[PDB]
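Here is the file model.cif (mmCIF, C-alpha atoms).
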data_target
#
loop_
_atom_site.group_PDB
_atom_site.id
_atom_site.type_symbol
_atom_site.label_atom_id
_atom_site.label_comp_id
_atom_site.auth_asym_id
_atom_site.auth_seq_id
_atom_site.Cartn_x
_atom_site.Cartn_y
_atom_site.Cartn_z
ATOM 1 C CA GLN A 424 3.276 -57.388 10.829
ATOM 2 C CA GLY A 425 3.138 -56.832 7.052
ATOM 3 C CA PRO A 426 3.442 -60.294 5.449
ATOM 4 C CA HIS A 427 2.449 -61.785 8.810
ATOM 5 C CA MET A 428 -0.701 -59.693 9.084
ATOM 6 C CA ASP A 429 -1.341 -60.442 5.417
ATOM 7 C CA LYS A 430 -1.270 -64.116 6.416
ATOM 8 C CA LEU A 431 -3.528 -63.618 9.430
ATOM 9 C CA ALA A 432 -6.040 -61.703 7.307
ATOM 10 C CA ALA A 433 -5.777 -64.390 4.623
ATOM 11 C CA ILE A 434 -6.450 -67.237 7.054
ATOM 12 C CA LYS A 435 -9.386 -65.416 8.624
ATOM 13 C CA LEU A 436 -11.022 -63.848 5.578
ATOM 14 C CA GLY A 437 -9.445 -65.593 2.590
ATOM 15 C CA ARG A 438 -12.424 -67.874 2.013
ATOM 16 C CA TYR A 439 -15.101 -65.187 2.355
ATOM 17 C CA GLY A 440 -16.434 -62.726 -0.214
ATOM 18 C CA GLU A 441 -16.089 -58.960 -0.550
ATOM 19 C CA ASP A 442 -19.396 -58.399 1.244
ATOM 20 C CA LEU A 443 -17.995 -59.634 4.566
ATOM 21 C CA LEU A 444 -14.906 -57.478 4.089
ATOM 22 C CA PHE A 445 -17.012 -54.326 3.789
ATOM 23 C CA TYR A 446 -19.284 -55.448 6.611
ATOM 24 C CA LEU A 447 -16.139 -55.533 8.739
ATOM 25 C CA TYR A 448 -14.457 -52.385 7.426
ATOM 26 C CA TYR A 449 -17.529 -50.349 8.360
ATOM 27 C CA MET A 450 -17.680 -52.149 11.712
ATOM 28 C CA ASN A 451 -21.337 -53.095 11.370
ATOM 29 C CA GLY A 452 -20.963 -55.924 13.868
ATOM 30 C CA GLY A 453 -18.885 -54.201 16.530
ATOM 31 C CA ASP A 454 -20.836 -50.945 16.593
ATOM 32 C CA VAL A 455 -24.156 -52.720 17.105
ATOM 33 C CA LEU A 456 -22.848 -55.091 19.773
ATOM 34 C CA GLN A 457 -21.467 -52.087 21.627
ATOM 35 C CA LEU A 458 -24.923 -50.518 21.385
ATOM 36 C CA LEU A 459 -26.827 -53.616 22.507
ATOM 37 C CA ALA A 460 -24.411 -53.948 25.426
ATOM 38 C CA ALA A 461 -25.076 -50.333 26.376
ATOM 39 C CA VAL A 462 -28.833 -50.938 26.299
ATOM 40 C CA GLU A 463 -28.552 -53.994 28.556
ATOM 41 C CA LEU A 464 -26.095 -52.275 30.889
ATOM 42 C CA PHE A 465 -28.621 -49.462 31.154
ATOM 43 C CA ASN A 466 -31.385 -51.978 31.833
ATOM 44 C CA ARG A 467 -29.285 -53.218 34.754
ATOM 45 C CA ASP A 468 -29.109 -49.769 36.360
ATOM 46 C CA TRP A 469 -25.708 -48.821 34.953
ATOM 47 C CA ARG A 470 -25.369 -45.162 33.951
ATOM 48 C CA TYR A 471 -22.578 -43.762 31.776
ATOM 49 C CA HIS A 472 -20.827 -40.739 33.269
ATOM 50 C CA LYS A 473 -19.711 -38.246 30.612
ATOM 51 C CA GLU A 474 -16.787 -36.600 32.423
ATOM 52 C CA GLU A 475 -15.577 -39.616 34.417
ATOM 53 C CA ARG A 476 -16.133 -41.530 31.162
ATOM 54 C CA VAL A 477 -17.016 -44.821 32.838
ATOM 55 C CA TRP A 478 -20.055 -46.941 33.597
ATOM 56 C CA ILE A 479 -21.256 -46.520 37.170
ATOM 57 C CA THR A 480 -24.071 -47.859 39.317
ATOM 58 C CA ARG A 481 -25.294 -47.459 42.882
ATOM 59 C CA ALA A 482 -23.811 -50.088 45.172
ATOM 60 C CA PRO A 483 -26.777 -52.410 45.728
ATOM 61 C CA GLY A 484 -28.121 -52.218 49.275
ATOM 62 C CA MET A 485 -27.214 -48.563 49.770
ATOM 63 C CA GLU A 486 -29.440 -45.536 49.226
ATOM 64 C CA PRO A 487 -27.854 -42.108 48.553
ATOM 65 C CA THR A 488 -26.822 -40.322 51.755
ATOM 66 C CA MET A 489 -27.956 -37.022 50.236
ATOM 67 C CA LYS A 490 -30.289 -36.523 47.276
ATOM 68 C CA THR A 491 -31.916 -33.662 45.367
ATOM 69 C CA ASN A 492 -33.268 -32.942 41.876
ATOM 70 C CA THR A 493 -29.845 -32.154 40.404
ATOM 71 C CA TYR A 494 -27.405 -34.462 42.208
ATOM 72 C CA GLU A 495 -26.864 -37.095 44.895
ATOM 73 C CA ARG A 496 -24.067 -38.347 47.141
ATOM 74 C CA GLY A 497 -23.411 -42.016 47.853
ATOM 75 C CA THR A 498 -21.340 -45.106 47.103
ATOM 76 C CA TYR A 499 -21.185 -46.333 43.503
ATOM 77 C CA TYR A 500 -19.336 -49.068 41.645
ATOM 78 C CA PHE A 501 -17.098 -47.864 38.810
ATOM 79 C CA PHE A 502 -16.073 -50.203 36.000
ATOM 80 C CA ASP A 503 -12.339 -50.121 35.306
ATOM 81 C CA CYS A 504 -11.895 -51.447 31.769
ATOM 82 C CA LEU A 505 -8.101 -51.277 32.041
ATOM 83 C CA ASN A 506 -7.939 -53.844 34.851
ATOM 84 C CA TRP A 507 -11.289 -55.482 34.067
ATOM 85 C CA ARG A 508 -12.750 -54.994 37.532
ATOM 86 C CA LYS A 509 -15.433 -53.186 39.503
ATOM 87 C CA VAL A 510 -14.396 -50.748 42.243
ATOM 88 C CA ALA A 511 -16.565 -48.888 44.758
ATOM 89 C CA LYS A 512 -16.085 -45.197 45.544
ATOM 90 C CA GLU A 513 -18.033 -42.542 47.440
ATOM 91 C CA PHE A 514 -18.913 -40.051 44.729
ATOM 92 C CA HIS A 515 -20.710 -36.780 44.007
ATOM 93 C CA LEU A 516 -23.140 -37.697 41.231
ATOM 94 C CA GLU A 517 -24.690 -34.941 39.118
ATOM 95 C CA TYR A 518 -27.577 -36.260 37.014
ATOM 96 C CA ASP A 519 -26.868 -33.987 34.039
ATOM 97 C CA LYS A 520 -23.525 -35.776 33.609
ATOM 98 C CA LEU A 521 -25.246 -39.039 32.649
ATOM 99 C CA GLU A 522 -26.016 -40.221 29.124
ATOM 100 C CA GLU A 523 -29.650 -40.898 28.265
ATOM 101 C CA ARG A 524 -31.006 -44.398 27.659
ATOM 102 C CA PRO A 525 -29.212 -45.822 24.591
ATOM 103 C CA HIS A 526 -31.196 -45.837 21.331
ATOM 104 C CA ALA B 433 -33.046 -57.471 19.111
ATOM 105 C CA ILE B 434 -31.104 -60.093 21.076
ATOM 106 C CA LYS B 435 -31.813 -61.271 24.629
ATOM 107 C CA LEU B 436 -28.741 -60.211 26.616
ATOM 108 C CA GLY B 437 -30.633 -60.316 29.911
ATOM 109 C CA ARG B 438 -29.459 -63.876 30.544
ATOM 110 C CA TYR B 439 -25.691 -63.359 30.335
ATOM 111 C CA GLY B 440 -23.055 -62.190 32.790
ATOM 112 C CA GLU B 441 -22.182 -58.577 33.492
ATOM 113 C CA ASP B 442 -18.636 -59.405 32.404
ATOM 114 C CA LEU B 443 -19.868 -60.373 28.944
ATOM 115 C CA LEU B 444 -21.680 -57.056 28.577
ATOM 116 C CA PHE B 445 -18.525 -55.068 29.265
ATOM 117 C CA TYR B 446 -16.689 -57.410 26.910
ATOM 118 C CA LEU B 447 -19.164 -56.519 24.168
ATOM 119 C CA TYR B 448 -18.872 -52.818 24.965
ATOM 120 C CA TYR B 449 -15.103 -52.459 25.367
ATOM 121 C CA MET B 450 -13.524 -55.547 23.833
ATOM 122 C CA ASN B 451 -15.595 -56.921 20.938
ATOM 123 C CA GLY B 452 -12.540 -56.691 18.678
ATOM 124 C CA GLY B 453 -14.367 -55.007 15.812
ATOM 125 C CA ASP B 454 -11.450 -52.605 15.463
ATOM 126 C CA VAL B 455 -9.025 -55.485 14.868
ATOM 127 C CA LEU B 456 -11.318 -57.150 12.327
ATOM 128 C CA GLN B 457 -11.627 -53.734 10.693
ATOM 129 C CA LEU B 458 -7.872 -53.636 10.157
ATOM 130 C CA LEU B 459 -7.773 -57.208 8.845
ATOM 131 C CA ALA B 460 -10.637 -56.395 6.467
ATOM 132 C CA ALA B 461 -8.687 -53.431 5.101
ATOM 133 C CA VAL B 462 -5.565 -55.548 4.633
ATOM 134 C CA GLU B 463 -7.595 -58.161 2.763
ATOM 135 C CA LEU B 464 -9.384 -55.605 0.575
ATOM 136 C CA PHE B 465 -6.043 -54.108 -0.424
ATOM 137 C CA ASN B 466 -4.641 -57.565 -1.144
ATOM 138 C CA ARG B 467 -7.591 -58.228 -3.458
ATOM 139 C CA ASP B 468 -6.638 -55.163 -5.526
ATOM 140 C CA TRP B 469 -9.006 -52.670 -3.888
ATOM 141 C CA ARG B 470 -7.664 -49.165 -3.246
ATOM 142 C CA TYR B 471 -9.053 -46.571 -0.854
ATOM 143 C CA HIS B 472 -9.552 -43.078 -2.247
ATOM 144 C CA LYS B 473 -8.988 -40.656 0.628
ATOM 145 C CA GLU B 474 -11.008 -37.734 -0.736
ATOM 146 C CA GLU B 475 -13.892 -39.715 -2.258
ATOM 147 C CA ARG B 476 -13.802 -41.730 0.974
ATOM 148 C CA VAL B 477 -14.562 -44.963 -0.859
ATOM 149 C CA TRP B 478 -12.969 -48.276 -1.808
ATOM 150 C CA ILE B 479 -12.304 -48.632 -5.525
ATOM 151 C CA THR B 480 -11.287 -51.394 -7.910
ATOM 152 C CA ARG B 481 -10.887 -51.859 -11.655
ATOM 153 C CA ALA B 482 -13.945 -53.109 -13.492
ATOM 154 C CA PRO B 483 -12.996 -56.310 -15.330
ATOM 155 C CA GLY B 484 -12.741 -55.917 -19.104
ATOM 156 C CA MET B 485 -12.486 -52.142 -18.729
ATOM 157 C CA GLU B 486 -9.147 -50.641 -19.735
ATOM 158 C CA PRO B 487 -8.550 -46.955 -18.906
ATOM 159 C CA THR B 488 -9.569 -44.370 -21.508
ATOM 160 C CA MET B 489 -6.876 -41.872 -20.548
ATOM 161 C CA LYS B 490 -3.577 -42.871 -18.946
ATOM 162 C CA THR B 491 -0.782 -40.596 -17.748
ATOM 163 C CA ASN B 492 1.994 -40.975 -15.182
ATOM 164 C CA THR B 493 -0.023 -39.141 -12.519
ATOM 165 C CA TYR B 494 -3.583 -40.259 -13.263
ATOM 166 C CA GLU B 495 -5.960 -42.194 -15.488
ATOM 167 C CA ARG B 496 -9.598 -42.139 -16.526
ATOM 168 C CA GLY B 497 -11.859 -45.140 -16.936
ATOM 169 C CA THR B 498 -14.663 -47.090 -15.305
ATOM 170 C CA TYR B 499 -14.148 -48.559 -11.843
ATOM 171 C CA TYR B 500 -16.199 -50.293 -9.170
ATOM 172 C CA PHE B 501 -17.045 -48.207 -6.122
ATOM 173 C CA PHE B 502 -18.501 -49.681 -2.968
ATOM 174 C CA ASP B 503 -21.409 -47.470 -2.000
ATOM 175 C CA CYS B 504 -21.573 -47.908 1.771
ATOM 176 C CA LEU B 505 -24.800 -45.908 1.916
ATOM 177 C CA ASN B 506 -26.692 -48.152 -0.506
ATOM 178 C CA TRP B 507 -24.452 -51.070 0.395
ATOM 179 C CA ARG B 508 -23.707 -52.213 -3.143
ATOM 180 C CA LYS B 509 -20.899 -52.291 -5.688
ATOM 181 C CA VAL B 510 -21.461 -49.534 -8.258
ATOM 182 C CA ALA B 511 -19.792 -48.832 -11.598
ATOM 183 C CA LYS B 512 -18.685 -45.264 -12.298
ATOM 184 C CA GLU B 513 -16.499 -43.464 -14.814
ATOM 185 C CA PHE B 514 -13.948 -41.480 -12.845
ATOM 186 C CA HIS B 515 -10.807 -39.365 -13.038
ATOM 187 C CA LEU B 516 -8.375 -41.287 -10.842
ATOM 188 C CA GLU B 517 -5.322 -39.489 -9.462
ATOM 189 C CA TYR B 518 -2.930 -42.122 -8.109
ATOM 190 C CA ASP B 519 -1.544 -40.058 -5.225
ATOM 191 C CA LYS B 520 -5.082 -39.859 -3.801
ATOM 192 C CA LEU B 521 -5.046 -43.614 -3.127
ATOM 193 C CA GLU B 522 -3.900 -44.758 0.316
ATOM 194 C CA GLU B 523 -0.955 -47.119 0.663
ATOM 195 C CA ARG B 524 -1.302 -50.682 1.915
ATOM 196 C CA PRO B 525 -2.869 -50.781 5.404
ATOM 197 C CA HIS B 526 -0.430 -50.899 8.321
ATOM 198 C CA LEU B 527 -0.536 -50.775 12.118
ATOM 199 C CA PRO B 528 -1.718 -47.438 13.589
#
Take the structure in the file and give it back as structure tokens.
Amino acid sequence: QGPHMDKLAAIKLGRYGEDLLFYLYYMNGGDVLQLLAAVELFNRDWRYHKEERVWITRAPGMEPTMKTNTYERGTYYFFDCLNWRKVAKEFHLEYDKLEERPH
Amino acid sequence: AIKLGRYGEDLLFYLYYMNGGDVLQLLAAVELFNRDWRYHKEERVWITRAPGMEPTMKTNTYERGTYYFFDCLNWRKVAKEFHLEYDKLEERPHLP
């Protein structure tokens, strides 16, 4: 790091002006992208579970075995960001544990 | 504002989990510091000397003068006279 990271930062940002630097320090790009991604994910029937802290969605071609006004049982895909994959699991889904539509 | 509906699911998760903004944030900080900007922890703002403006007061623990402040709310560089205590300025950025 140190002088090496100095060099990396210099190669990447050396030619640009202070305005880009601040744009990056306050993560204006990243934060928005993350938001736009959330919106689209939501559009594609992905819901974010608060406790499980992952994106989940009903396995297409499978309706919930049991359903009510507060919860539902069934098979859902869970996104594992650590291994960059999608895994299916029978799960007890409680609606109140889902974030609302982004934005 | 953008039309993401056309791209792969994998790209969406990439944008959500792995856009790399955090890394660019660190590099930005390193670059700011290397261009003589300092970050004031309490004021929560990046600061740099205004050119042609020597400090009015100068002691071994602080100085007073006019400096540039980047106002991230109004998104503009702003000049302000300020009492600057050195030990309130963060050291050069490093890995967390």
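Residue nearest residue B:455, chosen from A:511, A:461, A:489, A:431 and counting all atoms listed in the file: A:431.
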Atom pair atom CA of residue A:433 / atom CA of residue B:509: separation (Å): 21.9 Å
Apply the PyMOL selection byres ((chain A) within 7 of (chain B)) to the structure shown and report the selected residues as a list in words. residues 429, 432, 433, 444, 447, 448, 450, 452, 453, 456, 457, 460, 461, 463 and 464 of chain A
Around (-29.7, -37.5, 43.5), as given in the file, which residues come within 12 Å? Count only C-alpha atoms and list them as an MDAnalysis selection string. chainID A and resid 481 486:498 514:521
Using the chain letters and numbering of this document, enumerate as a CSV table (one decimal) with C-alpha atoms, keeping the file's coordinate frame the residues selected by the PyMOL selection byres ((chain A and resi 502-506) around 9).
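What follows is the written file part-v2.csv:
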chain,number,residue,atom,x,y,z
A,477,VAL,CA,-17.0,-44.8,32.8
A,478,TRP,CA,-20.1,-46.9,33.6
A,479,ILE,CA,-21.3,-46.5,37.2
A,480,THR,CA,-24.1,-47.9,39.3
A,500,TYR,CA,-19.3,-49.1,41.6
A,501,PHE,CA,-17.1,-47.9,38.8
A,507,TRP,CA,-11.3,-55.5,34.1
A,508,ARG,CA,-12.8,-55.0,37.5
A,509,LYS,CA,-15.4,-53.2,39.5
A,510,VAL,CA,-14.4,-50.7,42.2
A,511,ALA,CA,-16.6,-48.9,44.8
B,445,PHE,CA,-18.5,-55.1,29.3
B,449,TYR,CA,-15.1,-52.5,25.4
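With atom CA of residue B:475 on one side and atom CA of residue B:489 on the other, the separation reads 19.7 Å.
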Interatomic distance between atom CA of residue B:500 and atom CA of residue B:514?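 Atom CA of residue B:514 lies at a distance of 9.8 Å from atom CA of residue B:500.
Running the PyMOL selection byres ((chain B and resi 496) around 7) on this file leaves residues 487, 488, 489, 490, 495, 497, 514, 515 and 516 of chain B selected.
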Surrounding residues of stretch 481-483 of chain B excluding itself and chain neighbours under 6 positions, 8 Å, only C-alpha atoms, as a VMD selection string: chain B and resid 498 to 500 511
Stretch 435-453 of chain B, all listed atoms, 3 Å padding on each side: what axis-aligned box centre and edge lengths in Å to one decimal come out, as JSON?
{"center_x": -22.2, "center_y": -58.2, "center_z": 24.7, "size_x": 25.3, "size_y": 17.4, "size_z": 23.7}
All residues 9 Å or closer to residue B:472, all atoms listed in the file, same chain fewer than 5 positions away omitted, as a list in words: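 Here the answer would be residues 477, 478, 479, 516, 518, 520, 521 and 522 of chain B.
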Please complete stretch 449-465 of chain B with N, CA, C and O atoms and give it back as a PDB file, in the coordinates of the input.
ATOM      1  N   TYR B 449     -16.479 -52.944  25.408  1.00  0.00           N
ATOM      2  CA  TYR B 449     -15.103 -52.459  25.367  1.00  0.00           C
ATOM      3  C   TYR B 449     -14.168 -53.306  24.512  1.00  0.00           C
ATOM      4  O   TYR B 449     -13.155 -52.807  24.027  1.00  0.00           O
ATOM      5  N   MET B 450     -14.503 -54.578  24.322  1.00  0.00           N
ATOM      6  CA  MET B 450     -13.524 -55.547  23.833  1.00  0.00           C
ATOM      7  C   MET B 450     -14.092 -56.515  22.796  1.00  0.00           C
ATOM      8  O   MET B 450     -13.703 -57.685  22.767  1.00  0.00           O
ATOM      9  N   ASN B 451     -15.001 -56.043  21.946  1.00  0.00           N
ATOM     10  CA  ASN B 451     -15.595 -56.921  20.938  1.00  0.00           C
ATOM     11  C   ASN B 451     -14.646 -57.207  19.774  1.00  0.00           C
ATOM     12  O   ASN B 451     -14.877 -58.129  18.996  1.00  0.00           O
ATOM     13  N   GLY B 452     -13.578 -56.423  19.660  1.00  0.00           N
ATOM     14  CA  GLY B 452     -12.540 -56.691  18.678  1.00  0.00           C
ATOM     15  C   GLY B 452     -12.881 -56.261  17.262  1.00  0.00           C
ATOM     16  O   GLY B 452     -12.176 -56.612  16.309  1.00  0.00           O
ATOM     17  N   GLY B 453     -13.964 -55.503  17.115  1.00  0.00           N
ATOM     18  CA  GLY B 453     -14.367 -55.007  15.812  1.00  0.00           C
ATOM     19  C   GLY B 453     -13.249 -54.219  15.158  1.00  0.00           C
ATOM     20  O   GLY B 453     -13.001 -54.350  13.959  1.00  0.00           O
ATOM     21  N   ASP B 454     -12.566 -53.403  15.955  1.00  0.00           N
ATOM     22  CA  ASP B 454     -11.450 -52.605  15.463  1.00  0.00           C
ATOM     23  C   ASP B 454     -10.369 -53.465  14.809  1.00  0.00           C
ATOM     24  O   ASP B 454      -9.836 -53.102  13.762  1.00  0.00           O
ATOM     25  N   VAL B 455     -10.044 -54.599  15.423  1.00  0.00           N
ATOM     26  CA  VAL B 455      -9.025 -55.485  14.868  1.00  0.00           C
ATOM     27  C   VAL B 455      -9.507 -56.087  13.552  1.00  0.00           C
ATOM     28  O   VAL B 455      -8.781 -56.086  12.560  1.00  0.00           O
ATOM     29  N   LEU B 456     -10.733 -56.601  13.546  1.00  0.00           N
ATOM     30  CA  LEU B 456     -11.318 -57.150  12.327  1.00  0.00           C
ATOM     31  C   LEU B 456     -11.427 -56.084  11.240  1.00  0.00           C
ATOM     32  O   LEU B 456     -11.364 -56.392  10.051  1.00  0.00           O
ATOM     33  N   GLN B 457     -11.594 -54.830  11.648  1.00  0.00           N
ATOM     34  CA  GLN B 457     -11.627 -53.734  10.693  1.00  0.00           C
ATOM     35  C   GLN B 457     -10.295 -53.663   9.962  1.00  0.00           C
ATOM     36  O   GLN B 457     -10.248 -53.574   8.734  1.00  0.00           O
ATOM     37  N   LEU B 458      -9.211 -53.705  10.727  1.00  0.00           N
ATOM     38  CA  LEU B 458      -7.872 -53.636  10.157  1.00  0.00           C
ATOM     39  C   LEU B 458      -7.618 -54.814   9.221  1.00  0.00           C
ATOM     40  O   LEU B 458      -7.117 -54.634   8.110  1.00  0.00           O
ATOM     41  N   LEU B 459      -7.964 -56.017   9.668  1.00  0.00           N
ATOM     42  CA  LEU B 459      -7.773 -57.208   8.845  1.00  0.00           C
ATOM     43  C   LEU B 459      -8.589 -57.115   7.553  1.00  0.00           C
ATOM     44  O   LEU B 459      -8.134 -57.542   6.489  1.00  0.00           O
ATOM     45  N   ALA B 460      -9.793 -56.558   7.644  1.00  0.00           N
ATOM     46  CA  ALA B 460     -10.637 -56.395   6.467  1.00  0.00           C
ATOM     47  C   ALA B 460      -9.944 -55.487   5.457  1.00  0.00           C
ATOM     48  O   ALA B 460      -9.899 -55.787   4.262  1.00  0.00           O
ATOM     49  N   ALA B 461      -9.396 -54.381   5.948  1.00  0.00           N
ATOM     50  CA  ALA B 461      -8.687 -53.431   5.101  1.00  0.00           C
ATOM     51  C   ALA B 461      -7.503 -54.102   4.411  1.00  0.00           C
ATOM     52  O   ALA B 461      -7.307 -53.948   3.206  1.00  0.00           O
ATOM     53  N   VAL B 462      -6.716 -54.844   5.179  1.00  0.00           N
ATOM     54  CA  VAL B 462      -5.565 -55.548   4.633  1.00  0.00           C
ATOM     55  C   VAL B 462      -5.995 -56.489   3.516  1.00  0.00           C
ATOM     56  O   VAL B 462      -5.344 -56.574   2.474  1.00  0.00           O
ATOM     57  N   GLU B 463      -7.096 -57.198   3.740  1.00  0.00           N
ATOM     58  CA  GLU B 463      -7.595 -58.161   2.763  1.00  0.00           C
ATOM     59  C   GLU B 463      -8.119 -57.454   1.510  1.00  0.00           C
ATOM     60  O   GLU B 463      -7.834 -57.871   0.387  1.00  0.00           O
ATOM     61  N   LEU B 464      -8.882 -56.383   1.703  1.00  0.00           N
ATOM     62  CA  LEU B 464      -9.384 -55.605   0.575  1.00  0.00           C
ATOM     63  C   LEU B 464      -8.226 -55.148  -0.303  1.00  0.00           C
ATOM     64  O   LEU B 464      -8.250 -55.329  -1.520  1.00  0.00           O
ATOM     65  N   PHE B 465      -7.207 -54.568   0.318  1.00  0.00           N
ATOM     66  CA  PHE B 465      -6.043 -54.108  -0.424  1.00  0.00           C
ATOM     67  C   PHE B 465      -5.365 -55.255  -1.161  1.00  0.00           C
ATOM     68  O   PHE B 465      -4.900 -55.091  -2.282  1.00  0.00           O
TER      69      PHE B 465
END
